[PDB]
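Working notes for the structure below.
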Amino acid sequence: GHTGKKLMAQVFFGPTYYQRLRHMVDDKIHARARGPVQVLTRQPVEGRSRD
Amino acid sequence: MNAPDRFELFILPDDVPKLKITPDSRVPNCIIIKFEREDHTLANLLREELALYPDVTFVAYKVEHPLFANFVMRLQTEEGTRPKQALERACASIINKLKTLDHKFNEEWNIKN
Amino acid sequence: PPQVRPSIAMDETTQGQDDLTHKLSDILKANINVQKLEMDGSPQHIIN
RNA sequence: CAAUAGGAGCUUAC
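Chains as they are written, first to last, in the deposited numbering: chain B, 1075 to 1125; chain K, 1 to 113; chain A, 244 to 291.
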């Protein structure tokens, strides 16, 4: 695509049935600088949803 | 949520130049050009045009990262010639070739009717 | 101290004590029941 | 300027 030159090797090419799995990066990316702590231990809470 | 805008490929900011020239001091009479907001379309055209001149000794380009829309080009020339003038010469030559190509395509299309 | 056994909030107005607190309350009940036997009749099968 | 706990279940990557 960059140069239009033929590729020296031939490429296995055709349609294939692919699936969209439920694991998205935007449902997993999490960062925490400072946030809520636990009442008992005063340590960072557990959970992406809980920060 | 981290995806940049699809129009930053082509819209030039006001604080970002289109073109920036720095010299390569290691070898004589060589310059490094960074083209912002361009891609392989201009780069390959210019590279293969410049590579066929007698006075051009080195010419190359790369796109260091596909997620950023720029390329950098190294161009060296002989003692008398300046790489900048050769760059304008190549640009003008491709422009003239495209004009001739357009004229011939239009005449051919009219004749085909 | 209550730090070791803090209470918590379930739906914005309700609180249950920690296990240690209820255990201490049960111990206190047991203690007072002990103090209700050496003060009156206790036919030796309630003291034990 | 303050967003509960405990459990069970289903999953992710080794």
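Every residue gets a Cβ at the ideal spot worked out from N, C-alpha and C, and that includes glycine.
Residue of the options minimising C-alpha distance to residue i
i       : options                      : result
K:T57   : K:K112, K:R37, K:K20, K:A86  : K:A86
B:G1078 : K:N2, K:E48, K:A92, K:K84    : K:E48
A:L267  : A:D254, A:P245, A:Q278       : A:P245
K:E79   : K:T22, K:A51, K:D55, K:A60   : K:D55
K:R37   : K:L98, K:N106, K:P13, K:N110 : K:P13
Supposed contact pair residue j and residue i - C-beta distance, whole angstroms, cut 8 Å
i     : j     : result
K:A69 : K:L19 : Not a contact, Cβ separation roughly 14 Å.
Spatial distance of residue i from residue j (CA atoms)
i                      : j       : result
K:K34                  : K:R74   : 9 Å
B:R1094                : K:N2    : 20 Å
residue 128 of chain K : K:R6    : Within the shown structure, residues of chain K are numbered from 1 to 113, placing residue 128 of chain K beyond reach of any answer.
K:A90                  : K:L45   : 10 Å
A:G259                 : B:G1109 : 25 Å
K:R26                  : K:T77   : 14 Å
A:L263                 : A:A273  : 15 Å
A:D283                 : A:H265  : 28 Å
Residue i Cβ short of 8 Å to the ligand MG heavy atom set
i       : result
B:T1115 : In the structure on display, the ligand MG does not appear, and there are no ligands present to speak of.
Residue j beta carbon less than 9 Å from that of residue i
i       : j       : result
B:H1104 : B:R1122 : yes
B:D1125 : B:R1106 : yes
K:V63   : K:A43   : yes
K:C30   : K:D39   : no
A:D261  : A:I251  : yes
K:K84   : K:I21   : yes
Check each residue of the region 18-42 of chain K: if its Cβ is closer than 8 Å to any Cβ of chain B, include it; give the result in chain order. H40
May I ask you to list, following chain order, the residues of the region 61-76 of chain K that have a beta carbon less than 8 Å from some beta carbon of chain B? none
Against chain K, which members of the region 1090-1122 of chain B pass a CB distance test of less than 8 Å? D1100, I1103
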